Amino acid sequence: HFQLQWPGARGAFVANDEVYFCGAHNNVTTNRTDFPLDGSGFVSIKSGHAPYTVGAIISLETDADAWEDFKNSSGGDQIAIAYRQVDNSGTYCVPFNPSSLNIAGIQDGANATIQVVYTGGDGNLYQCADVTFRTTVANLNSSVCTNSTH
Ligand SMILES: *[C@@H]1O[C@H](CO)[C@@H](O)[C@H](O)[C@H]1NC(C)=O
Ligand SMILES: *[C@@H]1O[C@H](CO)[C@@H](O)[C@H](O)[C@H]1NC(C)=O
Ligand SMILES: *[C@@H]1O[C@H](CO)[C@@H](O)[C@H](O)[C@H]1NC(C)=O
Ligand SMILES: *[C@@H]1O[C@H](CO)[C@@H](O)[C@H](O)[C@H]1NC(C)=O
Ligand SMILES: *[C@@H]1O[C@H](CO)[C@@H](O)[C@H](O)[C@H]1NC(C)=O
Ligand SMILES: [Cu+2]
């Protein structure tokens, strides 16, 4: 199972609820994290076990309340962070520049939900982060962005 370290999830981590859309926090929140478009951004998680496979899908709907909100015109998931295998437990952090995505609507002031998709042998697990993209972001502490060796 896993937790979002940054950007923060919609609500509290509940292990059993990770099998549901957005970890059962199905409605969008209004307390969004500002997320930079200048390439200083990242997504940081912590896993209790490894190996696991992780990626992220993205919705540019303000009201990202359903699976379909994360799908493109051709019915595929809008992949924000490509799936990869991770062989260490503890922290795992990937840089993320939304400017890299072939998606309409990525600009300053745009709202989005990043939904992390994880499988570690104990189900298909999900957590969601509601963000607002900003050209830049000031107080960003990149110190939580590390990969562990555990
Ligand atoms: C948003 O507020 C909710 C409810 O107070 C809280 O559980 C959650 O952690 C907050 N999200 C962020 C990104 O701080
Ligand atoms: C979430 O939003 C939907 C659609 O507006 C609504 O039917 C439902 O009552 C809401 N759920 C919660 C837990 O507030
Ligand atoms: C983006 O989300 C914020 C906070 O929930 C909200 O106040 C704002 O209206 C949203 N933007 C759009 C385009 O709906
Ligand atoms: C939709 O996303 C899928 C990946 O899940 C991709 O294969 C497909 O090309 C995308 N379709 C469009 C129209 O971008
Ligand atoms: C963590 O490892 C991944 C490769 O799985 C790498 O892309 C990423 O940049 C690393 N993060 C840090 C903070 O070194
Ligand atoms: Cu687990």
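Here are the numbers for this structure:
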read-out	value
Selection from segment 3-49 of residues that are hydroxyl-bearing (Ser, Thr, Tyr) and in contact with a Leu (Cβ under 8 Å, 6 or more places away or on another chain)	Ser40, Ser44
Tally, over segment 3-53, of residues that are farther than 29 Å from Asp108 by Cα and not in a loop (DSSP other than H, G, I, E, B)	8
Any pair with Cβ under 7 angstrom, 6 or more apart, that starts in segment 72-97 at a residue that is without any contact (Cβ under 8 Å) to a residue 60 or more places away in the chain and among the small types (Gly, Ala, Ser) and ends at one that is more than 8 Å from ligand 5 (Cβ to nearest atom) and outside any loop (DSSP other than H, G, I, E, B)	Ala80/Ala56; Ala80/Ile57; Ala80/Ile58; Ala80/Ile114; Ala82/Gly55
Conditions (1) within 16 Å of ligand 4 (Cβ to nearest atom); (2) of a type in the set (D, E, K, R); (3) in contact with a strand residue (DSSP E or B) (Cβ under 7 Å, 6 or more places away or on another chain): number failed by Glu68	(3)
Where a residue in segment 127-142 is farther than 17 Å from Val116 by Cβ and its partner, wherever it lies, is surrounded by 15 or more Cβ atoms within 10 Å (Cβ to Cβ) and charged (D, E, K, R), with Cβ under 9 Å and at least six apart	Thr132/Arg32; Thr132/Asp34; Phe133/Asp34; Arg134/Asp34; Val137/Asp34; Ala138/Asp34; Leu140/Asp34
Scope segment 1-54; condition of a type in the set (A, V, I, L, M, F, W, C) and free of Cβ contacts under 8 Å to residues at least 12 places away in the same chain; matching residues	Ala12, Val14, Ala24
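Every number here is computed from the coordinates shown, using simple stated rules; none is lab data. Note that we place each Cβ from the backbone using ideal geometry, even for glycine, and neighbour counts take in every protein chain shown.
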